[PDB]
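One structure below.
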There are 6 protein chains.
Amino acid sequence: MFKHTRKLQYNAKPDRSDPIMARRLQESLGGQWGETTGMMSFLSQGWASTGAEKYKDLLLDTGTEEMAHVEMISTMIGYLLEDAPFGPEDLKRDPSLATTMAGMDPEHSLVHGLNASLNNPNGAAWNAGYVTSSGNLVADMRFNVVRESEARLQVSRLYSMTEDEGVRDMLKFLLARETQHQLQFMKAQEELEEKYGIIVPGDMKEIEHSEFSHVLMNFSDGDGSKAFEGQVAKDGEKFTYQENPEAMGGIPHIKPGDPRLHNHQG
Amino acid sequence: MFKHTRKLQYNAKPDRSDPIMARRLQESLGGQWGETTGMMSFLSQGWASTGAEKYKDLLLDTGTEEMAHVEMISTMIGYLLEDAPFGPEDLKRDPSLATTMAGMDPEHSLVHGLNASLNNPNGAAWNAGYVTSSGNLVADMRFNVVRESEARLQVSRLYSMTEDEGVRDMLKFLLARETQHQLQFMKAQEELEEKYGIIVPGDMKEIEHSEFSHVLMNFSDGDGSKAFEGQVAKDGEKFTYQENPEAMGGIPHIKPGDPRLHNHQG
Amino acid sequence: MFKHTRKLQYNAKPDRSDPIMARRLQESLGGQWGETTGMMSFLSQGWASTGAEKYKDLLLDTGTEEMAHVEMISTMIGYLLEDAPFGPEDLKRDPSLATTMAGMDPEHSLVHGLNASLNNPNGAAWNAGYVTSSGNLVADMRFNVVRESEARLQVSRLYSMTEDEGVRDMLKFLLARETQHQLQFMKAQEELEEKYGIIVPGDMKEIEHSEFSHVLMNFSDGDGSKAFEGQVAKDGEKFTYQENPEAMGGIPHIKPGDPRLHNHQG
Amino acid sequence: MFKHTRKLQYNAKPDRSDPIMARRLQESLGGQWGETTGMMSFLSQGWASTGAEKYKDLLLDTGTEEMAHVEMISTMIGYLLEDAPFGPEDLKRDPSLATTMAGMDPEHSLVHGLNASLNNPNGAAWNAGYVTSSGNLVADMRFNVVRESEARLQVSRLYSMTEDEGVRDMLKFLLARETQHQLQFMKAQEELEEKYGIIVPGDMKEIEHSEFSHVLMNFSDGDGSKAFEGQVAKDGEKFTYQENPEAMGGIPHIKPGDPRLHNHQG
Amino acid sequence: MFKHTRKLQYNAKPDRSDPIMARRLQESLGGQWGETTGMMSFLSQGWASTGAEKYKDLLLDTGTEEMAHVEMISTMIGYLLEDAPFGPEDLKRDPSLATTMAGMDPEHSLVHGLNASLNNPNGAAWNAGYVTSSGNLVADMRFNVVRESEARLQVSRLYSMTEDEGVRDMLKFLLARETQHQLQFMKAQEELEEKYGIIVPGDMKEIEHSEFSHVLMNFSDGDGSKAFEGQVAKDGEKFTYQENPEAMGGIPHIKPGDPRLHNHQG
Amino acid sequence: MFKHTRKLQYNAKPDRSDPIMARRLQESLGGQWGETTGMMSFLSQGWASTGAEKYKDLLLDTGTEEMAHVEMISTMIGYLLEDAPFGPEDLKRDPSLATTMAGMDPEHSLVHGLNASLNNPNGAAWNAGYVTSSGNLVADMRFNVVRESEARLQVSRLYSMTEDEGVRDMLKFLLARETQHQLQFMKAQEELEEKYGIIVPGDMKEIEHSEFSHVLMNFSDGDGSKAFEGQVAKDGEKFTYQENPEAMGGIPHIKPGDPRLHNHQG
Ligand SMILES: [Ca+2]
Ligand SMILES: [Ca+2]
Ligand SMILES: [Ca+2]
Ligand SMILES: [Ca+2]
Ligand SMILES: [Ca+2]
Ligand SMILES: [Ca+2]
Ligand SMILES: [Mn+3]
Ligand SMILES: [Mn+3]
Ligand SMILES: [Mn+3]
Ligand SMILES: [Mn+3]
Ligand SMILES: [Mn+3]
Ligand SMILES: [Mn+3]
Ligand SMILES: [Mn+3]
Ligand SMILES: [Mn+3]
Ligand SMILES: [Mn+3]
Ligand SMILES: [Mn+3]
Ligand SMILES: [Mn+3]
Ligand SMILES: [Mn+3]
Ligand code: NA
Ligand code: NA
Ligand SMILES: [O]
Ligand SMILES: [O]
Ligand SMILES: [O]
Ligand SMILES: [O]
Ligand SMILES: [O]
Ligand SMILES: [O]
């Protein structure tokens with residue numbers, strides 16, 4: 001179960017309004033790699049785990065934290081939308097606001113009354129297709145590192161998309177929390193790799209066709225990738241290199257379907 | 001530019017038909033972590049890179065290979081759908097086929113004439129929201145490892161969802177290629193981390209609020225995560241642990257909107 | 001069955017072109033609470049009803065009217081897009097048009113030839129996820145009131161997003177029709193509530209766990225909601241108030257899955 | 001900010017496994033009117049409100065409670081998926097399990113390792129298009145009543161879709177909470193209607209074309225809706241009835257577009 | 001404007017219930033090439049046209065007819081869902097119904113109360129991405145023929161998916177209407193091609209790089225397409241054939257981006 | 001299987017940067033009728049064909065070619081995004097860039113690091129709902145002609161949306177290839193129509209209700225469509241015309257559902 005305090009985890013107030021930045025920050029709220037993705041991924045993985053409490057609790061700790069970040073971004077967006085222009089009265093006051101209006105999300109005003117959406121900057125709804133919870137935490141801890149890496153990349157970009165020190169203060173906090181989250185998930189990932197194996201899943205080495213497991217296949221005519229040849233892979237075996245990959249599976253010949261399908265193909 | 005040969009990269013023919021397995025394999029064709037996701041992610045990242053040829057070429061090599069896998073899965077599904085039941089004539093032949101029909105994707109027959117879709121097993125269309133190309137390859141190589149990890153997990157599951165040795169032959173090849181792909185992307189990842197930093201992006205350490213960068217914050221009441229306390233993180237600094245995270249940001253108070261918005265909130 | 005007349009239900013011509021307003025009006029055409037949502041919701045509900053003709057006919061009447069509104073908005077958008085700028089030749093005759101171009105939907109010209117789309121202002125396609133038809137008209141009449149409420153709110157906002165008297169004339173008609181629709185659906189709702197109950201569905205009072213049915217649970221630390229304590233709810237029973245809700249369900253412990261799933265969780 | 005306890009708000013454990021019921025319950029987790037919709041709608045409205053604390057706090061209290069329900073449904077699904085059949089070895093044990101397998105969501109096993117998804121029963125991802133936060137709480141409290149009405153309908157149906165008394169115990173709790181939520185939102189709605197008006201928004205009566213505001217227009221040839229004629233609407237004015245609605249707007253003619261668009265229309 | 005009669009265009013009543021067929025028929029209601037696609041495509045194109053009345057009226061005629069077909073399919077689905085099984089009481093009545101339940105759409109009962117949805121058989125929502133209205137009727141009449149072709153193919157398949165004579169009666173009517181619609185759109189198409197050109201758009205022959213306009217480029221190693229070599233194309237010019245297409249564009253190199261983007265690519 | 005060369009099929013470098021044009025060109029990369037739609041449609045149809053080699057090879061040839069076009073558009077977008085403005089430093093340098101920034105896709109910088117997305121200009125993800133592969137090549141070749149027609153229309157429009165002769169050079173090549181593709185698919189279509197019939201599918205004429213197969217039904221009150229009366233349709237039979245279409249199916253009456261559904265409809 002959860003409980004809520006009205007107090008934010010950390011400052012989420014800008015020095016001044018900026019509806020263009022509000023639109024950008026929709027990426028962090030409703031985007032592919034945003035806080036809602038973190039929240040739902042870590043919570044769902046956490047609820048699904050039947051294994052080590054170290055990792056189950058880490059996931060629930062972090063997913064709960066991400067809910068605080070969802071709250072923070074939603075709040076920042078609301079502040080940033082204060083006094084945003086949306087109609088003729090605004091243009092009469094200052095005709096240059098047309099530029100601002102053009103760069104805004106039309107739905108911020110029209111749909112939400114100058115409040116945050118749960119979409120990205122382009123109005124694409126957040127969706128669960130952004131979430132991963134597979135049941136395998138070697139894989140999912142890798143995913144969690146990625147989530148925090150792509151997110152911190154975006155936050156770092158956002159930092160260079162404003163000069164507002166209030167917005168930056170919030171971003172600087174999130175950068176630090178994303179460092180922590182990257183690191184904690186990397187530690188979990190490494191412990192899980194040590195237990196189960198470096199290849200995911202770790203218990204299929206005897207099943208796969210081993211002859212092809214360490215061959216770098218040169219499908220594009222650049223030769224940059226030849227530099228991997230002879231390097232030691234993370235499992236201790238060297239990469240080999242195949243200059244000209246071969247087509248080994250023959251030409252397929254699927255059977256024409258039943259006439260009731262009307263598959264008229266010549 | 002690309003060229004195509006009709007010969008498959010590797011065998012993609014089953015020993016017998018099975019439209020239920022065809023439906024499962026749609027995950028590998030049109031699903032979140034399937035071959036189309038790999039193909040489009042690695043190619044888009046490859047085309048976007050302005051950096052080291054070692055990695056640009058690796059991405060284009062692999063994206064091109066994934067197109068061969070898309071072809072293989074599409075082919076396997078077509079073979080698996082041969083003679084699949086879809087109407088009363090089939091039930092006249094064998095009434096027990098109603099069970100098979102119930103488990104099939106209705107659109108395999110109706111929409112596609114007993115051929116593959118570009119959807120997942122539940123008819124959800126593949127979409128570009130599954131794809132990541134961020135411009136940062138430290139982040140994106142991590143993503144690529146994840147893609148290959150989730151895919152290999154799914155392929156491993158699929159192996160236990162059939163007894164068809166022809167299907168399994170294809171799966172065993174893909175398991176191996178996914179091993180190679182996981183490993184090559186891990187090597188690239190590690191080299192990029194060595195160059196730019198273990199935290200993504202690596203050039204923000206002096207900007208983030210460092211005091212919060214290594215603190216494990218206990219938001220859920222389990223104590224499993226306390227095991228991380230005092231462990232050395234990948235950047236060489238130890239994690240600290242906060243049993244009771246603090247709300248430091250105050251209670252927000254956003255300015256009510258302009259009356260033209262009709263934001264009647266009491 | 002339907003028949004069509006080329007005459008619009010009401011005026012839908014703007015006094016002047018304005019492609020930015022065209023973009024805003026896409027909300028009323030292809031948006032979540034737009035006219036297409038009303039049309040499809042009321043017709044689907046109407047076709048699904050097996051109950052009182054008073055309500056079935058109301059739904060079909062209204063859904064049919066909403067098709068006229070879809071036609072009007074589509075028409076208005078087309079007029080608003082007349083002579084809109086879309087390339088270098090336009091800027092040559094008026095360089096100030098760059099600002100207009102920046103705020104336009106690129107697809108209005110490129111995809112549709114300066115005609116309406118069936119997307120919202122952000123380009124997100126209308127979809128049936130916006131539509132409700134549940135089989136229960138106590139629930140669905142409530143939905144219908146909401147549809148007309150959200151729509152009228154948006155129309156009211158649009159009224160303040162233009163000074164075009166032609167656009168406003170159409171909007172003033174839509175405001176009035178949305179008043180009628182809100183009121184007719186409110187009357188239907190109330191009659192249905194009188195027949196079936198104020199709680200939806202009205203025939204489960206003896207099944208639910210009654211002890212929790214009138215308790216306001218204070219999950220957020222604000223005390224505003226305490227003002228509901230002792231107030232008489234619509235079913236005639238007072239609300240009680242629980243300042244500190246309790247977790248009553250225990251800590252779950254789901255069983256680890258079969259090894260074939262490779263659920264490596266530590 | 002939020003905090004989490006591992007203890008569930010209320011029991012969420014079935015007496016027996018049942019992966020078909022697991023699939024149904026996905027509606028309550030990832031569906032249109034499910035607990036995630038509640039959680040995100042109430043939290044987003046709550047964060048966006050600048051109005052009376054009575055309602056802002058109510059929203060935050062309830063959105064936080066709905067997170068507990070998301071947790072419960074996710075947990076219930078996990079339990080229900082225990083030991084579910086997913087491959088040939090299950091059929092070897094009991095060939096009759098083919099029926100169960102046919103009815104399952106293939107991704108429960110393949111994608112999630114026999115854990116919950118964030119999709120509906122058909123694998124359609126939850127998305128933010130299900131959420132409303134408009135800025136107007138007269139409209140949005142109506143929405144919230146709908147949310148809880150449609151949800152309670154679905155929970156009532158679910159009660160008749162199982163005989164598992166553990167599942168039913170959870171459902172009975174949710175029915176009761178949905179009663180409370182329906183009622184509290186209805187009270188809020190009524191107080192806000194008193195303050196602002198029964199028509200949303202309540203401050204446009206002088207703007208709308210009043211002649212059309214209380215006319216029931218008979219667009220479908222059934223005569224059931226004529227029963228509204230003469231009834232007193234909720235604003236105190238009687239409905240009138242128009243048996244034969246008229247097309248008042250003329251036949252529109254948009255100008256042909258610029259030749260650079262190539263709008264060849266004959 | 002539109003008016004509605006309760007009378008269906010043509011019979012849409014089955015002899016018997018069949019919830020599996022109901023699910024199939026959702027393709028015709030909510031699917032990619034179904035009646036809602038026809039309705040919205042032909043109406044949107046019709047409203048958009050500024051050209052010949054012959055075609056504008058044809059589009060509005062047919063779009064209006066498609067609304068009748070949306071009504072028919074919606075109705076047929078409702079009838080087909082009568083008495084459909086959805087819970088333990090049905091299995092007590094007839095345990096063999098488990099098979100039927102497994103093949104049904106879970107949301108038909110749970111969400112819609114055994115009524116139609118506006119989704120396809122897999123629960124994917126109808127969306128406007130299925131609609132085309134481009135402003136060019138040479139293109140769009142081609143699209144309209146495709147819509148009616150794909151639809152008639154599906155209806156033909158549906159005919160072999162049931163033996164119900166009532167269902168078949170409806171299908172036989174739809175087949176015939178789809179014949180008419182294919183033909184009328186083909187005639188419009190041809191007239192428009194005669195006016196504007198066989199290539200769309202017809203007024204760019206002097207702009208394109210003509211040298212590459214009639215060359216069949218053999219990008220895949222099969223030789224079947226060489227049969228086009230020397231055949232006369234529809235514009236009266238012969239196809240030529242290139243066995244080995246050439247890459248003429250060079251190897252691109254984009255400039256590395258601003259460091260504020262953190263594009264760390266090696 | 002596929003192989004790749006770094007060399008582009010044809011020039012894809014603009015003379016100069018233009019991030020607004022980059023946004024437009026996203027229609028050709030990730031849009032409904034763009035190159036990814038061609039690529040995936042032609043390849044999937046190719047892989048699914050069991051019919052004449054002429055057509056199967058054509059589809060594989062062309063789908064492979066479209067992959068080169070995907071590469072080209074991706075590359076062109078990357079070049080066009082060079083030096084695009086994205087933050088305060090750019091505005092400090094040149095305040096006039098705010099107009100450009102307002103018209104850009106915010107995600108070009110924030111998500112992709114000034115590289116291409118796989119979305120349309122409005123950020124809507126490319127999805128497989130854009131792709132058709134039905135199993136019937138009479139229908140699908142019609143679809144392929146449409147794809148190339150809509151694409152060539154958009155490319156033609158793009159030509160008038162820039163003065164950059166580098167961009168135009170690429171567009172001029174694509175116009176020519178779209179001519180060839182339109183023509184080759186038209187030729188295939190015509191051969192297939194001669195083999196199977198002009199109506200799709202061609203083997204249903206004795207099943208359909210022939211009395212309705214050549215009647216133009218006047219559902220909209222314009223009389224432009226009466227011009228088709230007496231014209232000879234493509235199958236050799238004249239169209240007839242019905243001024244007043246009749247509703248022949250009666251008023252439906254579906255049975256009220258089981259009480260366990262709670263279908264309270266009055
Ligand atoms: Ca290479
Ligand atoms: Ca903890
Ligand atoms: Ca409270
Ligand atoms: Ca009526
Ligand atoms: Ca060839
Ligand atoms: Ca007519
Ligand atoms: Mn965060
Ligand atoms: Mn984080
Ligand atoms: Mn692969
Ligand atoms: Mn791979
Ligand atoms: Mn309306
Ligand atoms: Mn209305
Ligand atoms: Mn709840
Ligand atoms: Mn609730
Ligand atoms: Mn039709
Ligand atoms: Mn038709
Ligand atoms: Mn092309
Ligand atoms: Mn082409
Ligand atoms: Na505000
Ligand atoms: Na019924
Ligand atoms: O975070
Ligand atoms: O792979
Ligand atoms: O309306
Ligand atoms: O709830
Ligand atoms: O049709
Ligand atoms: O093309």
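A note on labels: chains of the structure tokens are A, B, ... as shown, every chain counts residues from 1, and ligands are counted from 1 in their shown order.
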Non-local contacts of region 200-212 of chain D (8 Å; only C-alpha atoms; under 5 positions in same chain excluded) as a ChimeraX atom specification
/B:262,264 /C:149-150,152-153,156,171-177,180 /D:136,138-139
Contact residues around region 1-5 of chain E with only C-alpha atoms at 6 Å, ignoring same-chain residues under 4 positions, as an MDAnalysis selection string:
(chainID C and resid 1:5 8:9 68) or (chainID D and resid 219:221)
Export of prior selection with N, CA, C and O atoms as a PDB file, in the first residue's frame:
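Wrote selection.pdb, looks like this:
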ATOM      1  N   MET C   1     -30.584   2.789 -40.926  1.00  0.00           N
ATOM      2  CA  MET C   1     -29.932   3.319 -42.162  1.00  0.00           C
ATOM      3  C   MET C   1     -29.893   4.846 -42.047  1.00  0.00           C
ATOM      4  O   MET C   1     -30.655   5.432 -41.289  1.00  0.00           O
ATOM      5  N   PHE C   2     -28.958   5.481 -42.749  1.00  0.00           N
ATOM      6  CA  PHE C   2     -28.875   6.916 -42.775  1.00  0.00           C
ATOM      7  C   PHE C   2     -29.054   7.500 -44.178  1.00  0.00           C
ATOM      8  O   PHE C   2     -28.795   6.842 -45.173  1.00  0.00           O
ATOM      9  N   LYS C   3     -29.434   8.784 -44.216  1.00  0.00           N
ATOM     10  CA  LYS C   3     -29.447   9.577 -45.432  1.00  0.00           C
ATOM     11  C   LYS C   3     -28.771  10.904 -45.116  1.00  0.00           C
ATOM     12  O   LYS C   3     -28.745  11.351 -43.970  1.00  0.00           O
ATOM     13  N   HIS C   4     -28.268  11.530 -46.159  1.00  0.00           N
ATOM     14  CA  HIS C   4     -27.462  12.749 -46.017  1.00  0.00           C
ATOM     15  C   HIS C   4     -27.964  13.859 -46.885  1.00  0.00           C
ATOM     16  O   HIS C   4     -28.350  13.603 -48.051  1.00  0.00           O
ATOM     17  N   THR C   5     -27.967  15.073 -46.344  1.00  0.00           N
ATOM     18  CA  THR C   5     -28.209  16.267 -47.156  1.00  0.00           C
ATOM     19  C   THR C   5     -26.942  17.082 -47.136  1.00  0.00           C
ATOM     20  O   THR C   5     -26.235  17.148 -46.119  1.00  0.00           O
ATOM     21  N   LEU C   8     -25.584  21.909 -44.304  1.00  0.00           N
ATOM     22  CA  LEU C   8     -25.049  21.759 -42.946  1.00  0.00           C
ATOM     23  C   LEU C   8     -26.130  22.000 -41.909  1.00  0.00           C
ATOM     24  O   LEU C   8     -27.056  22.793 -42.107  1.00  0.00           O
ATOM     25  N   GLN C   9     -25.984  21.398 -40.742  1.00  0.00           N
ATOM     26  CA  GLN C   9     -26.953  21.667 -39.706  1.00  0.00           C
ATOM     27  C   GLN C   9     -26.985  23.144 -39.348  1.00  0.00           C
ATOM     28  O   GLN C   9     -28.048  23.719 -39.187  1.00  0.00           O
ATOM     29  N   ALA C  68     -23.529  15.369 -37.840  1.00  0.00           N
ATOM     30  CA  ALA C  68     -23.654  16.690 -38.459  1.00  0.00           C
ATOM     31  C   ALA C  68     -22.581  17.607 -37.928  1.00  0.00           C
ATOM     32  O   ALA C  68     -22.093  18.479 -38.645  1.00  0.00           O
TER      33      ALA C  68
ATOM     34  N   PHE D 219     -33.449  13.331 -34.670  1.00  0.00           N
ATOM     35  CA  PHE D 219     -32.682  12.940 -35.837  1.00  0.00           C
ATOM     36  C   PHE D 219     -32.866  11.502 -36.271  1.00  0.00           C
ATOM     37  O   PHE D 219     -32.526  11.171 -37.400  1.00  0.00           O
ATOM     38  N   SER D 220     -33.346  10.651 -35.362  1.00  0.00           N
ATOM     39  CA  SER D 220     -33.665   9.258 -35.682  1.00  0.00           C
ATOM     40  C   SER D 220     -35.175   9.086 -35.601  1.00  0.00           C
ATOM     41  O   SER D 220     -35.810   9.660 -34.712  1.00  0.00           O
ATOM     42  N   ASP D 221     -35.728   8.288 -36.508  1.00  0.00           N
ATOM     43  CA  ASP D 221     -37.177   8.204 -36.665  1.00  0.00           C
ATOM     44  C   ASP D 221     -37.965   7.508 -35.583  1.00  0.00           C
ATOM     45  O   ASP D 221     -39.185   7.546 -35.589  1.00  0.00           O
TER      46      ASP D 221
END
Up to 8 Å from chain F, what residues of chain B turn up? Count only C-alpha atoms and give them as number ranges by chain.
B: 1-9, 44, 47-48, 60-61, 64-65, 67-68, 71, 74-75, 78, 111-119, 125-129, 133-136
Can you work out which residues are within 7 Å of ligand 12, considering only C-alpha atoms and all ligand atoms, and then hand them over as an mmCIF file with N, CA, C and O atoms, in the first residue's frame?
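Now in selection19.cif:
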data_model
loop_
_atom_site.group_PDB
_atom_site.id
_atom_site.type_symbol
_atom_site.label_atom_id
_atom_site.label_comp_id
_atom_site.auth_asym_id
_atom_site.auth_seq_id
_atom_site.Cartn_x
_atom_site.Cartn_y
_atom_site.Cartn_z
ATOM 1 N N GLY C 38 -18.334 11.638 -29.565
ATOM 2 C CA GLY C 38 -19.766 11.638 -29.302
ATOM 3 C C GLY C 38 -20.552 10.789 -30.285
ATOM 4 O O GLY C 38 -21.431 10.005 -29.897
ATOM 5 N N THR C 62 -29.142 11.594 -30.926
ATOM 6 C CA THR C 62 -27.989 12.429 -30.606
ATOM 7 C C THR C 62 -26.765 12.017 -31.404
ATOM 8 O O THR C 62 -26.001 12.865 -31.869
ATOM 9 N N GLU C 66 -24.572 14.283 -33.864
ATOM 10 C CA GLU C 66 -23.129 14.490 -33.772
ATOM 11 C C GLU C 66 -22.435 14.291 -35.115
ATOM 12 O O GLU C 66 -21.392 14.910 -35.364
ATOM 13 N N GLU C 148 -20.254 15.509 -23.030
ATOM 14 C CA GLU C 148 -20.800 16.815 -23.401
ATOM 15 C C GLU C 148 -20.242 17.940 -22.548
ATOM 16 O O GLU C 148 -20.186 19.078 -22.982
ATOM 17 N N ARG C 177 -26.170 23.487 -28.259
ATOM 18 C CA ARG C 177 -26.467 22.063 -28.439
ATOM 19 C C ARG C 177 -25.871 21.191 -27.318
ATOM 20 O O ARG C 177 -26.493 20.220 -26.877
ATOM 21 N N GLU C 178 -24.686 21.559 -26.846
ATOM 22 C CA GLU C 178 -24.033 20.837 -25.763
ATOM 23 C C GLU C 178 -24.763 21.069 -24.447
ATOM 24 O O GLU C 178 -24.777 20.210 -23.599
ATOM 25 N N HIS C 181 -27.660 18.673 -24.809
ATOM 26 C CA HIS C 181 -27.209 17.309 -24.656
ATOM 27 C C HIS C 181 -26.842 17.010 -23.204
ATOM 28 O O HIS C 181 -27.176 15.918 -22.704
#
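Reported to one decimal place, the separation of CA of residue 182 (chain D) from CA of residue 142 (chain D) is 9.6 Å.
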Can you check which residues of region 13-209 of chain C DSSP gives as alpha helix (DSSP H) on the backbone and send them as a ChimeraX atom specification?
/C:19-30,35-48,53-80,88-93,97-103,106-110,137-159,165-196
Skipping near chain neighbours, those fewer than 5 positions away, what residues fall within 12 Å of residue 100 (chain D) using only C-alpha atoms, listed as a PDB file with C-alpha atoms, in the first residue's frame?
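File written: selection15.pdb
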ATOM      1  CA  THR B  99      -9.485 -25.990 -29.622  1.00  0.00           C
ATOM      2  CA  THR B 100      -6.803 -25.031 -32.094  1.00  0.00           C
ATOM      3  CA  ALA B 102      -9.800 -20.922 -30.242  1.00  0.00           C
ATOM      4  CA  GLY B 103      -6.115 -20.399 -29.560  1.00  0.00           C
TER       5      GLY B 103
ATOM      6  CA  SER D  17      -4.864 -20.657  -9.602  1.00  0.00           C
ATOM      7  CA  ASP D  18      -6.863 -19.732 -12.745  1.00  0.00           C
ATOM      8  CA  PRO D  19      -5.041 -18.120 -15.661  1.00  0.00           C
ATOM      9  CA  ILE D  20      -8.252 -17.370 -17.516  1.00  0.00           C
ATOM     10  CA  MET D  21      -9.463 -15.253 -14.622  1.00  0.00           C
ATOM     11  CA  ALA D  22      -5.919 -13.726 -14.542  1.00  0.00           C
ATOM     12  CA  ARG D  23      -6.523 -12.610 -18.122  1.00  0.00           C
ATOM     13  CA  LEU D  81      -0.981 -17.392 -13.017  1.00  0.00           C
ATOM     14  CA  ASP D  83       1.443 -23.191 -12.444  1.00  0.00           C
ATOM     15  CA  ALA D  84      -0.358 -22.080 -15.601  1.00  0.00           C
ATOM     16  CA  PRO D  85       0.226 -24.324 -18.635  1.00  0.00           C
ATOM     17  CA  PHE D  86       2.468 -23.004 -21.387  1.00  0.00           C
ATOM     18  CA  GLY D  87       4.209 -25.803 -23.269  1.00  0.00           C
ATOM     19  CA  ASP D  90       2.082 -29.464 -19.519  1.00  0.00           C
ATOM     20  CA  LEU D  91       0.017 -31.163 -22.216  1.00  0.00           C
ATOM     21  CA  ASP D  94      -2.781 -33.394 -18.901  1.00  0.00           C
ATOM     22  CA  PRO D  95      -3.877 -33.029 -22.535  1.00  0.00           C
ATOM     23  CA  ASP D 105      -2.828 -14.500 -22.978  1.00  0.00           C
ATOM     24  CA  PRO D 106       0.270 -15.900 -24.747  1.00  0.00           C
TER      25      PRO D 106
ATOM     26  CA  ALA E  98     -15.136 -23.710 -22.204  1.00  0.00           C
ATOM     27  CA  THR E  99     -13.884 -23.957 -25.790  1.00  0.00           C
ATOM     28  CA  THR E 100     -16.178 -21.239 -26.960  1.00  0.00           C
ATOM     29  CA  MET E 101     -15.170 -19.042 -24.028  1.00  0.00           C
ATOM     30  CA  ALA E 102     -11.489 -19.574 -24.837  1.00  0.00           C
ATOM     31  CA  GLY E 103     -12.054 -18.261 -28.343  1.00  0.00           C
TER      32      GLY E 103
END
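The coordinates place CA of residue 54 (chain B) at 13.2 Å from CA of residue 241 (chain A).
In this structure, CA of residue 58 (chain E) sits 28.4 Å away from CA of residue 13 (chain E).
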Nearest-residue call for residue 258 (chain B), choices A:185, A:89, A:190, A:26, using only C-alpha atoms:
A:89
